[PDB]
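First chain written, first letter: the chains are A, B, C, D, E, F, G, H and I, and each begins at residue 1.
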């Protein structure tokens, strides 16, 4: 029977490889709490966790008691079309006045400095790493593409590459027809020469 | 075509089968005198030819 | 919950006819199929035997066909070895008896 | 227990129809075999035959 | 251990898994191809030399005739259909439509082992028995039936081999059609399936319609030989036999070629990183070629004495079938443009050679379509040049594209590109030196199926000699490359 | 060889790897019940040639 | 007057699974069709319904993703896909497939769409005629589910 | 509890993957041996017994797979395959009719006998009449087969309703 | 019509597929919600429960109340004391009612054969293995055919038919 497995817990096989933990891959052998809880030691972190846990318990109890023992003065039933499972979301994601524009601009600047450039650099590294993985004779890296490739849109390509090519093909067609007829028969419109 | 068309077609097929049955039997009966006459004629011709050759 | 209930104890349904048969012969498709069957039974079959009765004591005077003449008795010198050895047609039972054709029997098994 | 029931078998339409069709097919086979041997003059070694 | 041996045998004999049956089909197809190539080398050595250098007798030319007939049959029925259709058809068809197995799983195993019994009977009859069949792959009577050199049971066993091969192909065709029709994942419409799947479907439709007629023809041959009937003798119609055979015959060649088109399109989509140009057009052209191929069969019979109006009709129909193939060629040429195909890839260069050689073969075969001009080119080496620059230079290179593409995916090892380049380039050059001259030898008047030729045809056969040496080099390189593919390193040191 | 022929006479019967004799059952039963006085015995160990 | 009893369909297994819950199984095996060329032309010039699309969050946002459900084994990667052209710059010739871990937020950076392919296992009662005909409670189901989670169960193949 | 897979019939390994090919091989070698030595290597009844016994596996597996593995997708596949098989049989009959009628549609023919008119009373119907073809019995058999077709269609529809 | 000949909607492309008038009926609907195309000319009968079968091997998996709720009938002659309930189309629940009379189709040979395939035999993944001796015969036949083929090849090639030695 060999080494039969015991239980049926998850194993990384061909059908499943799991969801990678990038945080542990990057922060390997380095603590995370100096970034998530700056300036605190382990005992302070534990004490803070305990204090906040008790406070959260109290607040949750208060909220549940409130919601479960309040008198109903109004009933709100949203309007939806028949056959529709859920009502449409009443929240819009587009700024309407200029103050909302300024608020979203400040948010965008922060996000750019702190959430978008990190994504860009991570993706650039991922692309280069895929290249390195496929390099060295394993895959077809460097066989085509690169940064010197000339990428053209559909309109540019058809207008500047396809039509001139077909034009040259047509001219070649006519010229070859005439030259081949002359070569074989020795005339242009009279079939064989010295015969008719 | 509907079911009525198919019933009509089956009726026509039955009529054709009946026609063929009757025609076959009547023709088989009707060729007996002709075949007998042909046999007698060829028998007579054979005997006459043998007599002449002898 | 499962449909197996109606498989184990299917409902019983009430008819106004003495049997399903009668009830099932009110559909026009079944009626037309029965009509076709009756057409074939009535017309051709009863007529066939009628002709058999009408010409029971009369000859079949159709002239015989002419297959192979006397001068072509050798079939132009063509080989005529059947796969069963002799030179007899498969269903010419009488001709087989004049050429055995069955003395060369094999074994029941490979040996 | 699983026991064959001739009563139910004979009170079933599919059993009757298939048996009748098999019988008619056997009759047809025997009749066609009877015309291949003792009816015809031409064998399988001819042009039309 | 007995348990391990029985497990292996049962794994490869009781299987009904499409992947396993696909690899079995591929292996058998490659082996049959190699055997046919060896026989072809014997043929070429007979042709390359003067004075019957190999057979040494005029009474023994039946050996050469056996060679040509078995070469034709092996290469057509046992090499290119098991590889083109059986191998990638079973392996890929369920995968591309997102299903588990083909419908009728058992019939797949039945099909493969029917192929195997056919190969076994054929090899035992034509190798281990004396005086085999010597009538070309087109088993024309009365040569096949009424002939002194064809009396043994080897001929009958070969005919029954043709029967079993037909049975296997029919089973495969039915299975492919049924699986593609009903087993597509939700959201995949019939005409959006992969182009290879559609080509397999049309090939299957071709095989279903025509094989029973070939079965009838071969049974006629068997009955003539054994029951001593005159179906095709002097009181018969050898032309009837030819009509039936060729009603099967041309659908067979289009069956051979269409899956190569499907595979080439699929692999192109994979290796150029761009979709097919005019996918709908290519699919419709495939189905059009499939349908039109059923109305042209008698273009192989322009000299048997057809009616003049029938000759005109068959030339017309051949032109009609020419049209959609041109559409497909233009679609391929435009597909390759604006792509990013790998520039050091045996698949890319094999595609180039496939395209060029197929265009050349199509043109040469379009010359043969005209009835009148077929008076001067029937049963010459022009026809051999045609159907070898098609079969042995386009269909073969399509299978080489598939081979150099799917090996890293089936086995998980890369491909030795330089080695494979040597193989492919020498295969191209060596074949072009053997087959191209045949064309100009056909026009000059050389007849086919002859081991000895007049002194006027020396240069063509000298060029053929050169080509045969190059072909030997190329095929040895190929087999050695594959052996090296599955072998670990043999030298290693410290630098 | 003969052993293979012994268990194939009953196609629905056990095989060599799943057949247990009465003595083997008794030994397994003694082993399972952790009797103090059951002194386990060593199976006959064979070298290469014997096998 | 007579009594008739229609002959029931006795088949079990896959057939009885299909006939117990025809909505779910039909959903699994119901073919849906895509637009032809003229239909694509007729669809591309249809109008939006209201000005909501100018304000709301589209279907496929980081907060309103496209959640899809497959059947399989827990933890097995899910096969999903587009029909192409969710964006102007994305290909549309043929369907494009994807292999993604289950129960995770994935983003297609071809079109820009966030999706939640996830797996629901089709655990069903052993179809041998012992299925329950009336409402069942959580006890027996609790035992079966515990055994399946800890050890696994056979496949209906 | 069981885990439910796709609707597709996954498939089972079987011995029919090689038994049917071996049966074909046996039949063809039997024919070859009968051709060579004009005798039977194995009794024909024994051969037919082997052939019948090999093919009893189909109904058994069919029963046990219908009881357990069947749904509408599988049924549609099976019915489409049945249709294709019927089509193949039709094509086989077409090929054999082609074989038969090839020399009959072509009216002119070189005959051993005379078929011109005004030479004998019966010559003018020699080529266009094979007057031994058992027409009466053929019509009787036709009636039998019409019986079978109509009865079977009636019963099929009746049970289907 | 080609469309109707090839089992399509027909002339009207918005039309359904089933035509129960000429035998093209819906098996799924019949099995799940009964043949509602016979609804106008058939009626359920309403008033021996199924509890007598509560101890059988396959019906013991059900609760006692479930079998008590089911009422049985001989299934041959109309119970003269039983009222008639109209069969209502478009109602998916009337086929599952417990108030209507039913018939115990558990002694049907097909029922017994199915449950035996599930409850009366050891489960084999291969139906051919479900019959042990037949599988033995089949593998023996395979070996016999192999031997026959080998012997025939040997005899035909060498010209000696093994009967003289």
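Simple rule for what comes next: a residue touches a chain if its C-beta (ideal position, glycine included) is under 8 Å from a C-beta of that chain, and two chains touch if they have at least 3 such contacts.
Listed by label, the chains that touch chain B and also chain G are C, H. Touching chain B and chain E at once are the following chains: C, H. Per-pair counts of C-beta contacts peak for the chains E-H. Seen from the C-alpha centroid of chain G, the farthest chain centroid is that of B. Taking each chain's centre as the average of its CA atoms, chain B and chain H sit 34 Å apart.
For this pair, chain F with chain H, the centres built from the Cα atoms lie 56 Å apart. In chain B, 3, 17, 21, 25, 34-35, 38 are the positions where the chain touches two or more neighbouring chains simultaneously.
The set of chain A residues touching two or more other chains is empty.
In this structure, the chains touch in the following pairs: A-E, A-G, B-C, B-H, C-D, C-E, C-G, C-H, C-I, D-E, D-H, D-I, E-G, E-H, E-I, F-I, G-H, G-I, H-I.
Every residue of chain I that touches chain E in the complex is listed here, in rising order: 153, 156-157.
Contact residues of chain I toward chain H in the complex are 20, 22-23, 25, 28, 113-114, 117-118, 125-128, 130-131, 134-135, 137-139, 141-142, 144-146, 148-149, 151-153, 155-156, 161. On the chain A side of its complex with chain G, the touching residues are 7-8, 10, 15-19, 88-89, 91-94. For chain G in complex with chain I, the touching residues are 1-6, 8-12, 19, 22, 128-134. Within the complex formed with chain H, the chain G residues making contact are 11-15, 17-18, 25, 28-29, 71, 73, 121-127, 144-145, 147-148, 153-157.
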